[PDB]
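So the chains spell out like this:
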Amino acid sequence: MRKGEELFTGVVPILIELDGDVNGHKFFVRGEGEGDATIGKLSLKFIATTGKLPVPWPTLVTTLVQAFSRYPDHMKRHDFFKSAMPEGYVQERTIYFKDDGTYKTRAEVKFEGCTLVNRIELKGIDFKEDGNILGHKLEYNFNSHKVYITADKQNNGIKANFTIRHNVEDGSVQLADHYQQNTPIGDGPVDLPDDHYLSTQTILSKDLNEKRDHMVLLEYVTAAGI
Amino acid sequence: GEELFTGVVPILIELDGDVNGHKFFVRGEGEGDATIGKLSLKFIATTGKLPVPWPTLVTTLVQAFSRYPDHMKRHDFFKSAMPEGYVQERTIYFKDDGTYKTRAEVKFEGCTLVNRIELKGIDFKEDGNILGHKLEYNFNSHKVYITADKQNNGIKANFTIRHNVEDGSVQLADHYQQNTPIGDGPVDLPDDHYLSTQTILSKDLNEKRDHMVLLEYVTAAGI
């Protein structure tokens, strides 16, 4: 039976579910689509099943499957994310929105039957009602980012810390400091990588026939930089 | 078994061959869609240039991806044997030339439909169309007649493949086929019927290895 990186040589169906509560405002997001790690591509559509989101869609992007990064041939020995499959990995983050609130997230990314599934609990606290996030002042787009990945030997996993730059409607920028740690769910051998980075690029768009609050996402990610 | 084929299914195929002592290995991957009777696959000969023409391996390289119309769904043996799967055996007699004997296990491994084959060919002429590589790189349309095999709780099949030869002459390959379920418990024993098959063989312009890209459309019809 195919394991690890062997599970990613073709197109893989994806389900993503996010259970969220920001300042007491509860919401739920379901996304479906596909990933193709051979080219590093994600194609997804997300729907807010609970009605109009109380936060901007861009603030959810990093939370909403780095297993679909393209690790080129010389990098495959550093691919922790796929090595944890199919049993999967836990992904935890703290996200500090500068001059505003905090997201805390825990997710599991794993195969459930034949589908790659990302299941998330998100809790947001201390947001300002008239800030960029509850006030919906963020542009509907996403910038490119470089995510440095380092091994976390004590946890048999990896960690990462990076800052997301969200463009604001008035020309300013909303920074979001991310602290991330991932651990395998299974016990089998995983790949603990040398320091490297994921180069991430993202386009957000809409579906003209969807009436529900939604996000269409296209993402291209490659690993490099040992 | 049929509920495993309501969507697109990933496929892995491995063939371990020896024809007249020439040993080769072929690995193929792609996907099948039984709702439309479609196969889309790419094969690589990992052992270098094949000692035999790619078209002669086509029938050996997952009839569970045949499209069975609604009124014929009770005659779909291949799907009903899943996920435990079935053993597929053939003898293939190339006219005025050698013979392939094949044994394959077709079954689910995880979410992948896998076809694992052993092939042995003997008494091929070194200057014949097969070892001499004189067959056109294509495949014609064929009818596969399927009959129930109650003794063995499976099916049998017979058909003749017409391989076009480079000089306009034709190389016939008579197929004798038997399928037997791996698991126990209910399977579908069909009335006599056939599969209508259409195949395109192509190449990947970026692929330097000896390889074959395959697209196939198969539908079942009453007899």
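Residues numbered from 1 in each chain as written, not as in the entry; some residues may be left out. Chains lettered and ligands numbered in written order. Heavy atoms only, no water. Residues with missing side-chain atoms left out of burial classes, pairs and counts.

For this deposition, the record names X-ray crystallography as the technique by which the model was determined and cites 1.702 Å as its resolution.

Draft legend 1. Structural view of the overall build of chain A. Within chain A, the secondary structure is distributed over one helix and eleven strands. Reading chain A from its N terminus to its C terminus gives the helix and strand order β-β-β-α-β-β-β-β-β-β-β-β. The C-alpha atoms of chain A give a radius of gyration of 17 Å, which matches the 17 Å a tight globule of 226 residues would have. Based on the C-alpha atoms only, the size of chain A along its principal axes is roughly 50 × 35 × 30 Å. (Helix = DSSP H or I, 4+ residues; strand = E, 2+ residues; numbered from the N terminus. Rg over C-alpha atoms; globule rule 2.2 N^0.38 Å.)

Draft legend 2. Spatial organisation of the interface of chain B and chain A. Taken residue by residue, the interface counts six residues in chain B and five residues in chain A. Both sides together, the interface formed by chain B and chain A hides about 450 Å², and carbon and sulfur atoms give 58% of it. Where chain B packs against chain A, one counts one salt bridge. The partner of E29 of chain B in a salt bridge is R2 of chain A, with the nearest N and O atoms 3.1 Å apart. In this assembly, chain B and chain A are joined by one residue pair in polar contact. Classifying every residue of the side of chain B that touches chain A by side-chain character gives two nonpolar, two polar and two charged. (Contact = heavy atoms within 4.5 Å. Buried area = accessible area lost by both parts, 1.4 Å probe. Salt bridge = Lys/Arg side-chain N within 4 Å of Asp/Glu carboxyl O. Polar contact = N/O pair within 3.5 Å; in protein donor to acceptor, adjacent residues only side chain to side chain. Nonpolar A, V, L, I, M, F, W, Y, C, P; charged D, E, K, R; others polar.)

Draft legend 3. View of the state of the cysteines. Throughout the structure, instances matching the rule amount to one disulfide over all chains. Here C114 of chain A pairs with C111 of chain B through a disulfide, and the sulfurs are 2.0 Å apart. Taking the sign of the S-S torsion, -95° for the link of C114 of chain A and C111 of chain B, the bridge is left-handed. Within this pair, whereas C114 of chain A is found in the loop between β5 (102-112) and β6 (115-125), its partner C111 of chain B is found in the loop between β5 (99-109) and β6 (112-122), the two belonging to separate chains. Here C114 of chain A falls in the partly exposed class, since its relative accessible area comes to 44%. (Disulfide = S-S within 2.5 Å. Buried < 20%, exposed > 50% of the residue type's maximum accessible area, 1.4 Å probe, protein only.)

Draft legend 4. Structural view of the environment of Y68 of chain B. All names here are of chain B. Along the polypeptide, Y68 turns up in the loop between β3 (38-45) and α1 (77-80). Assessed through its relative accessible area of 4%, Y68 is described here as buried. Residues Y68 and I155 lie 87 residues apart in sequence; the distance between their C-alpha atoms is 16 Å. If we skip the residues at most four places from it in the chain, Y68 touches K73, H75, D76, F78, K79, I146, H193, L195 and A220. At a separation of 2.8 Å, a polar atom in the side chain of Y68 contacts the side chain of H193.

Draft legend 5. Unusual backbone geometry, seen in detail. Note that the residue after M85 of chain A, namely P86 of chain A, is joined by a cis bond; omega there is 10°. Cis geometry is found at the peptide bond from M82 of chain B to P83 of chain B, where omega equals 5°. Following the sequence through the fold, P83 of chain B ends up in the loop between α1 and β4 (86-94). The residue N153 of chain B is not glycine, and still its phi comes out positive at about 55°. Within the element layout of this structure, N153 of chain B appears in the loop between β7 (142-149) and β8 (154-164).

Draft legend 6. How the structure looks around the sheet that holds strand β11 (residues 211-222) of chain B. Residue and element names in this part refer to chain B. Ordered by their spatial adjacency, eleven strands build a closed barrel running β1-β2-β3-β11-β10-β7-β8-β9-β4-β5-β6, and the pairing between neighbours is mixed. Each strand axis lies, on average, 20° off the axis of its neighbour in the sheet, ignoring direction. For strand β10 (residues 193-202) and β11, the ladder comprises ten bridges, and the chain directions are antiparallel. What sits directly across from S202, in β11, is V213. (Pairing = 2+ DSSP bridges. Axes fitted to C-alpha atoms, helices over the stretch in contact; angles between N-to-C directions.)

Draft legend 7. Representation of the layout of surface pockets within the structure. Considered as a void within the structure, the second largest pocket measures approximately 200 Å³ in volume. Residues that form the lining of the second largest pocket fall into these classes: four nonpolar, three polar and six charged. (1 Å grid on protein atoms, 1.4 Å probe; cavity = no way out; pocket = protein on both sides within 12 Å on 5 of 7 lines; lining within 4 Å. Points joined across faces, edges and corners; volume = space filled by probe spheres on them.)

Draft legend 8. Region of the structure containing the packing of aromatic side chains. Summed over the entire model, instances satisfying the criterion amount to 20 aromatic pairs over all chains. Between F8 of chain A and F111 of chain A the ring centres are 6.0 Å apart and the planes differ by 70°, which places this aromatic pair in the edge-to-face class. Since its relative accessible area comes to 3%, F8 of chain A is described here as buried. On the numbers, 5.7 Å between centres and 70° between planes, the contact of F5 of chain B with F108 of chain B is edge-to-face. (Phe/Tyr/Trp six-rings, centres within 6.5 Å; stacked < 30°, edge-to-face > 60°.)

Draft legend 9. Representation of the sheet that holds strand β10 (residues 196-205) of chain A in the model. Taken together, eleven strands build a closed barrel; the order of strands is β1-β2-β3-β11-β10-β7-β8-β9-β4-β5-β6 (chain A) and the barrel is mixed. Mean inter-strand twist for the sheet, computed between neighbouring axes without regard to direction, equals 20°.

Draft legend 10. Region of the structure containing the side chain of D36 of chain A. Tracing the backbone through its elements, the reader meets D36 of chain A in strand β2 (residues 25-36). If we skip the residues at most four places from it in the chain, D36 of chain A touches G10, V11, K41 and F68 of chain A.

Draft legend 11. Expanded view of the pairing of strand β9 (residues 173-184) of chain A. All names here are of chain A. Of the two faces of β9, only the one carrying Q174, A176, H178, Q180, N182 and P184 is buried; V173, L175, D177, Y179, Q181 and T183 on the other face are not. Both strand β4 (residues 89-97) and β9 contribute to a ladder of nine bridges, which runs antiparallel. Within the sheet, the bridge partner assigned to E92 lies in β9 and is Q181. As defined by bridge partners, strand β8 (residues 157-167) adjoins β9 across ten bridges and the pair is classed as antiparallel. Across the sheet, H166 pairs through a bridge with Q174, a residue of β9. Counting the residues that bridge the hairpin from β8 to β9 gives five residues, and of these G171 lies at a positive phi of roughly 100°.

Draft legend 12. How the structure looks around the side chain of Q63 of chain B. Residues and elements named next belong to chain B. With respect to the helices, strands and loops of the structure, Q63 is situated in the loop between β3 and α1. Under the relative-accessibility criterion, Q63 is labelled buried at 13%. Within polar-contact distance, the side chain of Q63 engages the side chain of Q177 at 3.0 Å.

Draft legend 13. The arrangement of the pattern of salt bridges in detail. Residues and elements named next belong to chain B. One pass over the structure, following the stated rule, counts 25 salt bridges over all chains. Note that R27 and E14 form a salt bridge whose closest N and O atoms lie 2.8 Å from each other. With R27 in strand β2 (residues 22-33) and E14 in strand β1 (residues 9-19), this residue pair connects regions lying 13 residues apart in the sequence. Residue class for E14 comes out buried when judged on its relative accessible area of 16%. Among the ionic pairs, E109 bridges to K107, the shortest N-O distance being 3.9 Å. A single burial state applies to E109 and to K107, both of which are buried. One network of salt bridges, with partners in common, ties together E14, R27, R103, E105, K107, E109 and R116.

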